[PDB]
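# Structural overview for review
What follows is the residue order along each chain.
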Amino acid sequence: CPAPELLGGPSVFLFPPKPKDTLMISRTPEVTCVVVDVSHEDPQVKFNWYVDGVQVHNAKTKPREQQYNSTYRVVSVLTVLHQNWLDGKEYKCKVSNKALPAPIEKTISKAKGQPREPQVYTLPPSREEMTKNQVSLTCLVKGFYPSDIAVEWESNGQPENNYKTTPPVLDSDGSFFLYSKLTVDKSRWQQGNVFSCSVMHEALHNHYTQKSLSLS
Amino acid sequence: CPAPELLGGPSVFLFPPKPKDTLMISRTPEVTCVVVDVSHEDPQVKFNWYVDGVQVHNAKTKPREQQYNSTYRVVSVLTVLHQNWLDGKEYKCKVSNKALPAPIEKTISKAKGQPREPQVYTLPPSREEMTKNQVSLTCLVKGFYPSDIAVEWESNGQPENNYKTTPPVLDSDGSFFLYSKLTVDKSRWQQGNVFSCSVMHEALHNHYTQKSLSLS
Amino acid sequence: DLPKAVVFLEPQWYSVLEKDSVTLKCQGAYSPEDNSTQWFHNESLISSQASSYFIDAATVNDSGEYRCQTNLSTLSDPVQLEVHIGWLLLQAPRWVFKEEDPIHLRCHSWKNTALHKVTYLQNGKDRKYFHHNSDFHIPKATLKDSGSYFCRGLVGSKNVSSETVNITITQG
Ligand SMILES: *[C@@H]1O[C@H](CO[C@@H]2O[C@@H](C)[C@@H](O)[C@@H](O)[C@@H]2O)[C@@H](O[C@@H]2O[C@H](CO)[C@@H](O[C@@H]3O[C@H](CO[C@H]4O[C@H](CO)[C@@H](O)[C@H](O)[C@@H]4O[C@@H]4O[C@H](CO)[C@@H](O[C@H]5O[C@H](CO)[C@H](O)[C@H](O)[C@H]5O)[C@H](O)[C@H]4NC(C)=O)[C@@H](O)[C@H](O[C@H]4O[C@H](CO)[C@@H](O)[C@H](O)[C@@H]4O[C@@H]4O[C@H](CO)[C@@H](O)[C@H](O)[C@H]4NC(C)=O)[C@@H]3O)[C@H](O)[C@H]2NC(C)=O)[C@H](O)[C@H]1NC(C)=O
Ligand SMILES: *[C@@H]1O[C@H](CO[C@H]2O[C@@H](C)[C@@H](O)[C@@H](O)[C@@H]2O)[C@@H](O[C@@H]2O[C@H](CO)[C@@H](O[C@@H]3O[C@H](CO[C@H]4O[C@H](CO)[C@@H](O)[C@H](O)[C@@H]4O[C@@H]4O[C@H](CO)[C@@H](O[C@@H]5O[C@H](CO)[C@H](O)[C@H](O)[C@H]5O)[C@H](O)[C@H]4NC(C)=O)[C@@H](O)[C@H](O[C@H]4O[C@H](CO)[C@@H](O)[C@H](O)[C@@H]4O[C@@H]4O[C@H](CO)[C@@H](O)[C@H](O)[C@H]4NC(C)=O)[C@@H]3O)[C@H](O)[C@H]2NC(C)=O)[C@H](O)[C@H]1NC(C)=O
């Protein structure tokens, strides 16, 4: 049945890599295991890491003690290969401590299920809005999987400050979709300056694609 | 375990009325008090409601028991006055239960700040999209406050099934803004059928505005 | 002549939570026919003529000054007592401790529910922390120590804390 959870001892949380960090080999994705509420009486905490269920005590890992409210905190960071964390290997962190009846395990993995290349379209301000001082240059990302994704905006070579983005939305179409509203002072629109939407996903050729919006 | 359940007071969550229901007098705004984790040993749960601090056990309430994982779940519906929740009266839900060394008090109300005007523009599919067999008829709501609000789509007189909406996003422009992506089979677009975005907010003359999208 | 009743609480804690239970025994000298004891609430006769007043479920109404007296015995000096409402209370015998004494802080919980990652604090500073609940001792208090204590912990997912309290380290 739904396992008996929660009885003192330090608790243990395990965080995944950062999305971006997983699509630019140039980036070091690291999965990380924390251990809070660690006594001053038994500071010695011991980790073991398991990839798709492997290497009990072997290695490739990393951790070191830390003060707080009145309790200790401890980390272990296990750098991961990109490809792995992409093919969805599973990451296991087994924590073990004097104060614990038995050890704790926490497994983190990448969005299960098959992914889907995200369609990107640009959208030029609705006439009705052309009125005001700045227009809403819109860019939507539809039908992608999974939620992880990032999007930005550059005028030509340099990126913009203003603008924001929605959280992925669960489309009936099985996948996700989001919007991104870039705001520029009226002018720039008209002048002609071109604009590009940038989408980072694990389904685009190089996890990257770009689409641009201007007046025509 | 042949089913856990347990050790702490039943906890309590209290939700507000739906935005829509708040601006259409014709609709019954209803604030809602929920109590979960309710023991099988003390299913008797007592609700007391308080309008800007009033009516300990007077009335205007409504509740009734509910099974679940292995614990009870209990509701209290408090139908409220439209203008009330508009002016910002606060809603207090005091919950009592033998399992709780004392009561629990949760209060729900509407954001501090003077309401803003819902810019609303409609957006026709990006040509680049025209290819597929269904296009994304978009309509966005910008610069409004507060987040409460709902949106819909009518073809002519009857509204549509397909379509989704993002949740409000905090715009740097102090207000809110969202998008709504209506999905119609390609044809429908070209043929000509016009299309309306429906926006419900307490800033529109009649808490209601409409804007429509068509083509050519 | 010199008789004079006496009151003892058991358990020793004079401060407690509701549904918490206590008994006040009255050590006195009985005498023919008068094998009876009288209980005073604040200054008032109350039913229970037992020899040990017993409170099963406590409650604030129950708070007050309990004194007793039997026949051949005088009238018990007062023993003050208090019921507080909450998921936990900080227990101790006295609160005014001489420079260097046996501090016994108990973080007690409503209906004795279970307490997780518990803490004894003061002035707001997390002093001592335990995983599973524990009493908190300090052999001989210290003056540096004087302050305002309380504890907090875990009732399953629920998180909780006690009403603050003042410990006073004197210079003797
Ligand atoms: C035993 O089992 C029960 C039930 O289990 C059920 O089945 C299994 C499968 C479960 O896995 C689960 O799916 C089911 O519940 C279980 O009970 C759980 O307990 C949870 C906590 O332990 C509790 O979680 C909270 O959920 C809150 C969200 O509630 C909404 O969403 C949930 C689902 O996501 C849904 O259940 C609710 O109904 C509700 O959604 C709808 O909201 C509508 C809005 O009004 C409303 O609609 C109705 O009312 C309107 C009135 O206008 C109309 O009448 C309408 O027609 C009508 O339908 C209904 O309420 C809902 N309807 C539907 C269809 O969904 C969520 O807010 C809580 O999050 C906050 O609290 C956590 C900690 O608790 C914080 O960490 C977190 O930060 C959140 O904090 C808030 O943050 C916001 C900012 O975002 C801030 O503004 C707030 O101030 C802040 N508050 C706080 C306190 O911090 C929390 O997640 C869960 O809901 C509950 N189940 C149910 C059904 O309620 C037991 O726990 C189990 N026992 C054990 C021991 O486990
Ligand atoms: C004593 O003090 C302790 C110290 O804590 C700090 O807290 C400060 C506020 C301060 O007061 C100091 O005291 C101290 O500095 C305290 O420990 C705390 O205990 C809490 C519980 O007891 C812990 O709560 C959990 O926190 C998780 C959130 O973690 C992130 O976000 C918080 C908020 O900012 C932050 O504090 C965390 O550090 C953490 O930040 C993340 O950090 C990781 C690693 O650094 C980063 O990882 C990145 O990875 C990439 C990889 O490429 C790369 O390495 C990057 O460099 C690296 O940064 C993240 O990027 C970073 N993100 C962010 C945003 O900061 C919560 O998730 C967790 O919630 C879940 O579980 C709870 C309990 O199980 C439950 O209550 C809750 O409902 C929730 O449930 C889960 O929900 C999930 C979805 O979120 C579901 O998927 C799960 O299924 C579901 N599971 C369950 C069981 O329900 C919870 O909130 C807290 O983390 C911890 N503090 C710290 C710093 O760790 C201690 O308790 C104190 N003791 C006493 C007695 O007071």
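What you see is numbering from 1 along each chain in written sequence order, possibly unlike the entry, with residues lacking coordinates removed. Each chain gets a letter, beginning with A, and each ligand a number, beginning with 1, in the order they are written. No hydrogens and no water enter the side-chain calculation; it runs on all heavy atoms of the structure.

Structure determination for the deposited model, as stated in its record, used X-ray crystallography, and the stated resolution is 3.2 Å.

### What about the domain arrangement of chain A?
Residue and element names in this part refer to chain A. Note that domain bounds follow an automatic or database assignment of domains. You can read the domains of chain A as domain 1 (10-109) and domain 2 (110-215). The straight-line distance from the C-alpha centre of domain 1 to that of domain 2 is 35 Å. Contact residues are listed per partner, giving 7 residues for domain 1 and 9 residues for domain 2. Taken together, the two surfaces of domain 1 and domain 2 that pack against each other cover about 730 Å², and 60% of this comes from carbon and sulfur. Should a side-chain nitrogen of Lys or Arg be within 4 Å of a carboxyl oxygen of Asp or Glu, the pair is scored as a salt bridge. Where domain 1 meets domain 2, there are 1 salt bridge. Residues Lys 112 and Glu 90 are paired through a salt bridge, measuring 3.6 Å at the closest nitrogen-oxygen approach. Counting of polar contacts relies on pairs of N or O atoms within 3.5 Å, with two restrictions inside protein: one atom must be capable of donating a hydrogen and the other of accepting it, and residues adjacent in sequence are counted only when both atoms are side-chain atoms. In this structure, the connection of domain 1 to domain 2 is made through 1 residue pair in polar contact. For this scheme, ten residues count as nonpolar: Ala, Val, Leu, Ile, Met, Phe, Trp, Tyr, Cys and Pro. Four count as charged, namely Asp, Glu, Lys and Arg, and the remainder, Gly too, count as polar. Classifying every residue of the side of domain 1 that touches domain 2 gives 4 nonpolar, 1 polar and 2 charged. Contacts: residue pairs with any heavy atoms within 4.5 Å of one another. The quantity reported as buried area is the accessible area (1.4 Å probe) lost by two parts once they are put together, taken as the sum for both.

### Details of the pairing of strand β9 (residues 150-154) of chain A
Residue and element names in this part refer to chain A. Where burial is concerned, the two faces of β9 differ: the one with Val 151 and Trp 153 is buried and the one with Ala 150, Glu 152 and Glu 154 is not. Pairing between strands is defined by DSSP: at least two bridges between the two strands are required. Helix and strand assignments come from DSSP, with helices taken as H or I runs of at least 4 residues and strands as E runs of at least 2, each series counted from the N terminus. Of the strand pairs in this sheet, β9 and strand β13 (residues 195-200) are connected by 5 bridges, and their pairing is antiparallel. Residue pairing in the sheet places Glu 154 in a bridge with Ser 196 of β13. Throughout this description, buried means an accessible area under 20% of the type-specific maximum (1.4 Å probe, protein chains only), exposed means over 50%, and partly exposed covers the range between.

### Structural notes on the interface of chain B and chain A
Tallying the contact residues gives 33 residues for chain B and 29 residues for chain A. In this assembly, chain B packs against chain A so that about 2600 Å² is buried in total across both faces, 64% of it on carbon and sulfur atoms. Residues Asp 171 of chain B and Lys 181 of chain A are paired through a salt bridge, measuring 3.3 Å at the closest nitrogen-oxygen approach. The interface formed by chain B and chain A holds 10 residue pairs in polar contact in total. Elements with a minimum of two residues in the side of chain B that touches chain A: β7 (119-123), α2 (127-130), β8 (134-144), β10 (164-165), β11 (169-170) and β12 (176-185) of chain B.

### As for the domain arrangement of chain C
Residue and element names in this part refer to chain C. Its domain assignment divides chain C into domain 1 (2-86) and domain 2 (87-172). Both faces combined, the contact of domain 1 with domain 2 buries some 1200 Å², and carbon together with sulfur accounts for 62% of it. Scanning the region where domain 1 abuts domain 2 turns up 0 salt bridges. The tally of links between domain 1 and domain 2 comes to 2 residue pairs in polar contact. Considering every element that reaches the side of domain 1 that touches domain 2, the biggest residue donor is strand β2 (residues 15-17), with 3 residues. For the side of domain 1 that touches domain 2, the class distribution of residues is 4 nonpolar, 4 polar and 3 charged.

### Comments concerning the site of ligand 2
Taken together, 18 residues surround ligand 2, and among them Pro 17, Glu 30, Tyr 68, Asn 69 and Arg 73 of chain A come closest. Any residue with a heavy atom lying within 4 Å of a molecule or strand is counted as near it. At the site occupied by ligand 2, the surrounding residues belong to chains A and C. Within the side chain of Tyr 68 of chain A, an N or O atom sits 3.2 Å from an oxygen atom of ligand 2. Within the contact set of ligand 2, an oxygen atom lies 2.4 Å away from a side-chain nitrogen or oxygen of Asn 69 of chain A.

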